[PDB]
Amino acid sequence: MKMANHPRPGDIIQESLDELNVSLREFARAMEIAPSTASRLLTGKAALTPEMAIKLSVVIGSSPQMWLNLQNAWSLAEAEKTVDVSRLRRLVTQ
């Protein structure tokens, strides 16, 4: 999968923090999460979960689904490497 148009969830969050002039620990405090948890989220060492999507919607903005959409692109790219659809065919009315 070409990721050219699929930004890293963590990068988008960091980009937002840069525009707001907010530090990692201030972001962590605002999200009521530990600094370590915030770091993993920003660096991508931890996937953006539904729980995090809800918190991000409040603290940063946009909707929980928007944040999950960002993560789905990468989760889909990973799954693609392990899923075999080479023999699958679209079902038609029987």
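Don't overthink the numbering: it's just position in the shown sequence, from 1.
Chemist: Between 12-20 and 67-75, which has the larger average Cα B-factor in the PDB entry?
Modeler: It is 67-75.
Chemist: Identify the stretch, either 22-30 or 44-52, whose C-alpha atoms have the larger mean B-factor according to the entry.
Modeler: Here the higher of the two C-alpha B-factor means belongs to 44-52.
Chemist: Taking the C-alpha B-factors as the PDB entry records them, is residue 62 in the lowest, middle or highest third of its chain?
Modeler: Answer is lowest: the recorded C-alpha B-factor places it there.
Chemist: Using the B-factor values recorded in the entry, state whether the Cα atom of residue 88 falls in the lowest, middle or highest third among the modelled residues of its chain.
Modeler: As the PDB entry reports it, the C-alpha B-factor of residue 88 lands in the lowest third of its chain.
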